[PDB]
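# A look at the structure
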Amino acid sequence: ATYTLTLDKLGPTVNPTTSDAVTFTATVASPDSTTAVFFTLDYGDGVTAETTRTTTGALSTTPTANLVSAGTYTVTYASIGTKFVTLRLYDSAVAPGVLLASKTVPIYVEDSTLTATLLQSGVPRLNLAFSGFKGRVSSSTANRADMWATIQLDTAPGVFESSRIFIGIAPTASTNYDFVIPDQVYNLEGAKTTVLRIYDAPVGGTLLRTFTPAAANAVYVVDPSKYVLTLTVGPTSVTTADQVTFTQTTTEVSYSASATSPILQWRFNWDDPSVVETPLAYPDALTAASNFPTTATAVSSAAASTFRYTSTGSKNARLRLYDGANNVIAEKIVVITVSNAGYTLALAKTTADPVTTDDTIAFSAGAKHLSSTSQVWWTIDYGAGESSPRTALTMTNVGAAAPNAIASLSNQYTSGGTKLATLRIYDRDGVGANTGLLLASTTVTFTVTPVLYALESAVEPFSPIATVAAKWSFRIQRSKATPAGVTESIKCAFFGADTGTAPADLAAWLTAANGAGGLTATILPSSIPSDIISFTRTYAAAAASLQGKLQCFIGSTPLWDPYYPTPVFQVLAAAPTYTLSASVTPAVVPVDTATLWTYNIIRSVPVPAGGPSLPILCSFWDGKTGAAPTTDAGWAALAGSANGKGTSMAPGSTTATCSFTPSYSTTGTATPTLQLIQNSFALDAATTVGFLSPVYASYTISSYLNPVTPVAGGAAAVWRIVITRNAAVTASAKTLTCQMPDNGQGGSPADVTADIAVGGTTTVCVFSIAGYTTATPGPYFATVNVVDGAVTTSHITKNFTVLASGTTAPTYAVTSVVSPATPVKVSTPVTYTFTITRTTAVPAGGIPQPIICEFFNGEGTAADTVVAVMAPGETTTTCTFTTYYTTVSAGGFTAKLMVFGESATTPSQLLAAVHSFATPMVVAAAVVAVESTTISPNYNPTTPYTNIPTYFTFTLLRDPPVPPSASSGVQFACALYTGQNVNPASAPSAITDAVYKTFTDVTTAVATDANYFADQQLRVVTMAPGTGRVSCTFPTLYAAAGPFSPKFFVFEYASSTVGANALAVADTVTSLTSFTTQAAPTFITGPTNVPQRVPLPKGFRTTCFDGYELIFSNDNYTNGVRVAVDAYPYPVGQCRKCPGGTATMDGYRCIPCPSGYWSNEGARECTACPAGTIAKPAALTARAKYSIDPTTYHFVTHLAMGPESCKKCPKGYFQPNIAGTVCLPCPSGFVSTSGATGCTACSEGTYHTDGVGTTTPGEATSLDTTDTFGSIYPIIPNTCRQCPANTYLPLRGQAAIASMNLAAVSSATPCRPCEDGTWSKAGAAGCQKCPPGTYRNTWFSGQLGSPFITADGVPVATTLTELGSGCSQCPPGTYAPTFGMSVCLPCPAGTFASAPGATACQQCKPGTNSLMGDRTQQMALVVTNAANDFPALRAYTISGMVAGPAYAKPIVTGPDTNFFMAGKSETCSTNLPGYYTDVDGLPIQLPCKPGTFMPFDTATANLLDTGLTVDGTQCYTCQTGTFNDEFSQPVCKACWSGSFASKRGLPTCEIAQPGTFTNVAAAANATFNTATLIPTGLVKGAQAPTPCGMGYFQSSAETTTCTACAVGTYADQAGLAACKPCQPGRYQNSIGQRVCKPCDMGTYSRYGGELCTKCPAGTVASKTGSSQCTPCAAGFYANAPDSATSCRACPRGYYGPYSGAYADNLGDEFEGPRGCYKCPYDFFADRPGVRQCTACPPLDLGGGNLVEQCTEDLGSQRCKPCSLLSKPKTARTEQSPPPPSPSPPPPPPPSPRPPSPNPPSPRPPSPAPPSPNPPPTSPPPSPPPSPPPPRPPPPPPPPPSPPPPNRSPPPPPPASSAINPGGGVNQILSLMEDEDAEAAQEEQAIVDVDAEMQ
């Protein structure tokens, strides 16, 4: 029923070939029943075999293997294609069978001749065709047709048939044909039975070939998504410096799908084009076509690589897996970042300051990176190329730290060319020519300026001579000193423009330098010397061209640049001309004196321009010692010494001058000589150009002797002589000889030698003499004779009074007086006055004594020098000193005084003792007080600012008076404690400076060091002498408002030690008042800041210029037209025109210029109006309300109406200054009209005054001053007026003195009065002398009339003065011919002046005399004034005769008060009786001589001779008969009766001669009758002598009348001196008879004879006129008694002997006594006169007898006889004899002897000796001296130096990040136009500045 039969094949899955005979299997199962059934098998074709039916394993449902154990069922198929195998069932094996069913199975058989192979490159890609599949077919047969192949995806029925795919034709040849197979797509991820059948026919046919993957080569696809990669190799921030490391050990790739899977190649690429891609390398322990190990094995064992990146950027390295050849299936990227921005280069310079080429600059360069430390190369470039090795640098240090290790480098620079220095960094060595790229660069550049060389050129001859001399001297100097250890040598030459041509290149110069013509010089090391080179050239001919070029180069660097001028010189080429002249000033040649010697060098042609000044050197011979350089070597040495000076000229001068001031020590004829040398340096010789022939001290000696007053017994006198020389001693030492000439006694004084070194002028000579104490006082002369060189016998003598004091030694007393008294302060000037007196003081002015006084403190001696002169009058010597005590003594000071006689260079003491001060000396206490306190930065003076540093200033003074200028300054310490403890030091414990004394020295401290601002501060200030003020300034800062304790102390620093407290009471500080402190305003003061470049929209100009002002307004207010108002809602900047009164500069304000100028409306500068203006009108101010337009700042005082601006100042004022701050009234005596530069002086004789009167007023009126200038300038007196007459103004320019206070002192006319003696009219410079006869006086003036011309006699004042000049006259009768004499003198007597105007007093005529008073008034009875009668008086005062004992000479008696005689203003008076005048000349007043009378008048003459006439001028002598023995008698007194005058002109009465008498009955003296006042009753005396009458005579003198002559005596003739007696014999008994009557006869008369006398006795006369009667002869008797007429003889009887006999006649007429005696009786005589009577002779009677006769009667002649009538008759008596005659009378007694002469009177005694003259009166004490004037105050010291700015105001802040507005932030042609506009604007502004500057 059910049969299941399946037929299969037991062969391989691949289809069997035709040569294997594959077997087949049969499977039978019959579940319905089990029964053996035969099976028949049929192959593809039944023609081969049929086989036989055989049994299986009993059929059954279970197969049994069969047909192969013992069965020959081989098919041995021969055909190729498909064969059908048929299985059938039959019940029995014997034919016929039973047909039930058949199974058909196809079997494919192919041929091995065709071979199909596949080649696989790798895994075919999904969704893309892969070329790795290649199919090759090989056929042995030559001929083939086309084949077609069908491909089935799977053997499952789901896959449907595909179309054929073509594989080829192979038309011929048995080659191998290749085709490309399109890939397969993997989707199911499982087993695929993809089968391809290849047919040789398009339709039907047989299975030619088969295709399957066919094992051992299967495609295996790995899905990339399963892959896992982890690399993490290589640094993430590797730069180019480091390296990238790639390690294959850490990189693993795993299949991760199976253990066995085909081998792939890993590949990695660095994707840089420098290094090619790495090739595939054989893996270790692995190969190609090698199975992967079944365990975890690394694809690489230890492979690792390193790489260096040569490029920068983000590298994206690649990883891939490749199969077989270069076939790629996967690509993966690894990002490695390469950055080069981390490299930084820093350059730091340390040394800097590059100078010239030395001091090579060394700086540090550092390369830093953020990370990736690696080796690098640094290079430097300096214009010579970088280092080829690029050095070597290693980043051993870390990259975060700034410092980098490096080697310091230095560079050498030359010239000024750019070296383009740069620094480069590289990551590559560069040896392999792998140059790097720029990373950091950086560099430092500088301009490096070149150096300068100094060149000087000169010409040795200055004139090129042809082949003789052509030398050029060149000096080269190099900048900077050459350092030690390096020597610089420069070689080159100089080419002159004489031969050849200048080089056209520097190569020629280099060749010349290297050639033998070049010269080499060496610079000294460690110094910079001057290179001096002398170049010698040869000149063919003389030329004026001498320029040249030199180029010295060190190797290759030129030294000269075209910018400086090329070297061109002329310097006196060709030597045109050169001439000299010499002069001296002064021309005198004294001894040791300064003289000027000048030399002028001139040329005929002016020096050409462009030539250097002549370098010639002029040397002058001084001639001090006559060391004249005669040789040329000496001249060269003198020129090269200091005595030679180089010469230079100023530009524009052809001429040159050389000057010298030689001195002549010794007198000589030598004169200075000039040498002029300019050849070359190192002078050796001298050259002369020419010369010009010069064609045409005092010693003072004083001496002195010590002691001045010698003292007996003292020391020997010392004579000291000082000699001073006017000339300084510098050449050599001097020797002086002090001598005193020999006087012949006292010894020869010895010479004294004085030696003087350099600089000495005074020589002192000392000698000793012992005997000069015994020298006679007197004016002694001493001399010194000095001979010193040229001067000979310089003899100097002197005189001095030398006296000896005796034994008294003079001494000096010194006392003191002090100006300040007690007490004294510090720095107080003082006056110490010392007075010295001498107790003797005898030589007050005899001999000066040199006195010098020195006052010393307690220095310890016992320029401020003191000069002391000894007073030549009184010996009071005063010394003035100033001690200037200013310091505390600190131990005591003493005062000493020394007085000396030596001029400085003391050896001898003069004061007996050193003076000690009587006044106690007190130590002055110093006082100091603070004067002011100031705070500089402060809002108010009490409060300063906090943050701003403050400088407190304390100003104070040291004592009220300034410390003296002649002193040394003091050092003061100002100490301040700030008060806080902000400094580290704590607050001091003591308020005093106990801590402050320990401060260190603060001399060198900077302000900005935080210790110059310490809390405790000590500062030192200095008081220079003469300064009384000091300010100490303290820097103090206040951090914040709070408490501070700043202590202030001021002390004195002495010897760097702190003194005592300046203030009284210690710990006294003048603390400032307490204050708070407030914040400082941040305000800056300065000019308006100019805005920077800001965008200005349309017209917002921020600068106005040229008289314009910046103004903020929206209006476009052009000019003054009011065009635009409210023209914008927004104001803008505008330029305003400014008003007329203000000028502006660089307009930002419109400030006005000062009052001295006026401006225009828009004036750039203010014009200066001429000096006449101040421009000050009255004020009118400005706008009332802000409604009107504003113009200027509000504070201006004027608006600008009025073209008036310049206001001229009025008259009386002058403005010399151009500015005119104010116009000033000009000084006294000067006037101006309008406004003048200066007033003119007033004219002579004129002064300032008003011009209200007179004319041409100079006053300024009202309109000019009051209206224009207001009341600021009042009217001023401005007229010049001349003073009225009698006054004058000699000095020009004088003005009237005006006093404002008029009540007390009035205004004064300045004109001088023209005082006594001169007169003036109007204004005169000098008042004139006025005509003769006139004078002016200051007491009284005028003329008084002659009192005697008026009846009253009262003087009359007269006003007669000529109108020409006008001086008061002198009174008539007085004259003033003297020039300068004040009071008129009278004329001396002898003249008269009646005329009021008379030059001189006129002489009176000889007939009159100049007597006061007229003759009428002299004897006038008139009484002009009866009450007083003083003017009228009787002044004759004549004398007369008076009766009585008393006598009166004056007629008028009284004291005399008016006797003035010189006064004579009257007419000539009548000549006086006692005076006469004939001739002009009379020396002395002669009254009329006694014996001369002049009658008062002709009619009044009492008696005058008729033979002459009266002239009224001659004094006629007395007439005869009158005498005058007294002067001034009008008439001559007549002689009295007792005298007479008969001879002519007998001057005194002559005694009346005897015998004559003179008596005149009419003889009366003249009587002056008062009733007629006339002399009357004068009668002339007798003219001739009248002799006396008869009988009158007088023999005695002084007889008025002759007495009558005595009776009996007669004077026969008249005029008889004596009355002779009557002649003898004559008598005169009656008087009045002229003849004496003769006596009668017989009578005799004797002399006299009053009566006749009768002759007695007998005597008889008998003669008429008989003198006497003589007796007759004897014997005669008289006739009668008493009457005898004739005697007769007696009678004869009588006789008598007596001659005289008389008889009484009494009887007989004969008797009588003594008569004739009677003869006796008897006797007779008879004869008269006989002898005795004789008797008669006797008779004789016859002769015989004699008888005597007797006479009878008496007298009888006859004799008769007697005896009758005889004698006896009567009585008769006789007579006695007569008595004898009496004796003669005795002689008279002897006469007395004559008296003896009296002794003579004693002789007059000698005069007593005269008394000596009294001594002169004592001289008065000396008058007081003159006071000195004071001194002016010093000028104020200059203001303190201005401090530099402590700190500038806060600067504007810089931008930090930005400054933009608008809500800030929350997180071709146009360029040319802009450039053109900017350049044009800048150049226009520059032009504007340029124009404004000038």
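Note on numbering: every chain is counted from 1 along its sequence as written, possibly out of step with the entry's scheme, and residues lacking coordinates are dropped from view. Excluding hydrogens and water, the side-chain figures rest on all heavy atoms present in the structure. Residues with missing side-chain atoms are left out of burial classes, side-chain pairs and their counts.

Looking at the method and resolution fields of the entry, one finds cryo-EM and 3.62 Å.

### Observations regarding the side chain of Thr1751
Along the polypeptide, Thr1751 turns up in the loop between β93 (1746-1747) and α5 (1869-1893). Throughout, a residue-residue contact means that at least one pair of heavy atoms, one from each residue, lies within 4.5 Å. Among all residues touching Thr1751, those that are not within four sequence positions of it are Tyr1721, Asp1722, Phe1723, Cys1736, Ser1756 and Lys1767. Numbering of helices and strands runs from the N terminus; a helix is a DSSP stretch of H or I covering at least four residues, while a strand is a stretch of E covering at least two.

### Points about a nonpolar patch on the surface
Residues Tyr1436, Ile1438, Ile1451 and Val1452 make up a contiguous nonpolar surface patch of roughly 380 Å² in combined accessible area. Counting through the fold element by element, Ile1451 comes out in the loop between α4 (1415-1418) and β71 (1469-1470). Only protein chains enter the area calculation, which uses a 1.4 Å probe; residues under 20% of their type maximum are buried, those over 50% are exposed, and those in between are partly exposed. For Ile1451, a relative accessible area of 61% corresponds to the exposed category. Patch membership is restricted to residues that have no salt bridge and whose relative accessible area is over 30%. Joining uses 9 Å for like charges and 5 Å for the nonpolar side chains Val, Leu, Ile, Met, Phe, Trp and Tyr. Under the convention used here, a 1.4 Å probe and the Shrake-Rupley method define accessible areas, while residue burial counts only the protein chains that appear. Between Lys or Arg on one side and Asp or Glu on the other, a salt bridge is scored when a side-chain nitrogen of the former is within 4 Å of a carboxyl oxygen of the latter.

### Examining the packing of aromatic side chains
Working definition: rings of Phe, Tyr and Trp (its six-membered ring) pair if their centres are within 6.5 Å, and the pair is stacked with planes under 30 degrees apart, edge-to-face with planes over 60 apart, and tilted otherwise. According to the stated counting rule, one finds 47 aromatic pairs in the structure shown. Ring geometry for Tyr780 against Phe800: centres 5.8 Å apart, planes inclined by 45°, an arrangement best described as tilted. Linking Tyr780 in strand β41 (residues 778-788) with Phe800 in strand β42 (residues 791-802), this pair joins segments that are 20 residues apart in sequence. With relative accessibility at 33%, the residue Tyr780 sits in the partly exposed group. When its relative accessible area of 11% is taken as the criterion, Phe800 is described as buried.

### Here's the deal with helix α2 (residues 632-640)
Residues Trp635, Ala636, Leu638 and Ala639 constitute the buried set of α2. Around the axis of α2, the buried residues are gathered within 160° of arc, so they sit on the same side. Set apart from the buried face of α2 by more than 90 degrees, the exposed residues are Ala633 and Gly640. Each element contacted by the buried residues of α2 is listed here: β32 (617-620), β33 (644-646) and β35 (674-677). Throughout this description, a polar contact denotes any pair of N or O atoms lying within 3.5 Å of each other; where both atoms belong to protein, one of them has to be capable of donating a hydrogen while the other can accept it, and for residues adjacent in sequence the pair is counted only when both atoms sit in side chains. A side-chain oxygen of the first residue of α2 lies 3.3 Å from the backbone nitrogen of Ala633; this N-cap is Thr631. As used here, the arc belongs to the directions running from the helix axis to the C-beta atoms.

### Looking at unusual backbone geometry
Residue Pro586 is reached from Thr585 by a cis peptide bond, and omega for that bond is 0°. Along the chain, the position of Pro586 falls in the loop between β30 (579-585) and β31 (596-602). Notably, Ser827 is not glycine yet its phi reads approximately 65°, a positive angle. Of note, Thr1261 is a non-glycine position whose phi angle comes to about 60°, a positive value. Note on placement: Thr1261 falls in the loop between β62 (1246-1249) and α3 (1263-1269). On the basis of relative accessibility, which here comes to 49%, the residue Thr1261 falls in the partly exposed class.

### Re the pattern of salt bridges
Side-chain pairing between opposite charges can occur once the charged atoms of the two side chains come close. Inspection of the entire model under this criterion finds 17 salt bridges. The salt bridge partner of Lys471 is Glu460, with a shortest N-O separation of 3.7 Å. Separated by 11 residues along the polypeptide, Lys471 in strand β24 (residues 471-478) and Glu460 in the loop between β23 (453-459) and β24 bring together distant segments of the chain. Residue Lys471 shares its accessibility class with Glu460, and that shared class is buried. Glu1244 is the salt-bridge partner of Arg1292, the closest N and O atoms lying 3.7 Å from each other. Taken together, the residues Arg1292 in the loop between β63 (1279-1282) and β64 (1343-1344) and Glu1244 in the loop between β61 (1240-1241) and β62 connect sequence positions 48 residues apart. A relative accessible area of 53% places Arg1292 in the exposed class. What makes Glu1244 partly exposed here is its relative accessible area of 40%.

### Some thoughts on the sheet that holds strand β48 (residues 928-935)
Pairing between two strands requires that DSSP report at least two bridges joining them. The strand order across the open sheet built from 3 strands is β48-β49-β52, with neighbouring strands paired in antiparallel fashion. In this open sheet, the two strands that pair with only one neighbour each are β48 and β52 (1030-1036). Sheet twist, expressed as the average angle between the axes of neighbouring strands with direction ignored, equals 25°. Helix axes use the C-alpha atoms of the stretch in contact, all axes being lines fitted to C-alpha atoms, and the angles between their N-to-C directions lie in the range 0 to 180 degrees.

### Some words on the state of the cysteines
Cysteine sulfur atoms that come within 2.5 Å of each other are treated as a disulfide pair. For the coordinates displayed, the defined rule picks out 31 disulfides. Residue pairing for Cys1104: its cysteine sulfur links by disulfide to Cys1135, the two sulfurs lying 2.0 Å apart. In this structure, the disulfide formed by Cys1104 and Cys1135 twists by about -100° around the S-S bond and is classed as left-handed. Placement of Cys1104 in the loop between β54 (1057-1061) and β55 (1109-1113) and of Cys1135 in strand β56 (residues 1132-1136) is noted, with a sequence separation of 31 residues between them. Residue class for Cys1104 comes out buried when judged on its relative accessible area of 3%. Here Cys1588 connects covalently by a disulfide to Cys1602, the sulfurs 2.0 Å from one another.

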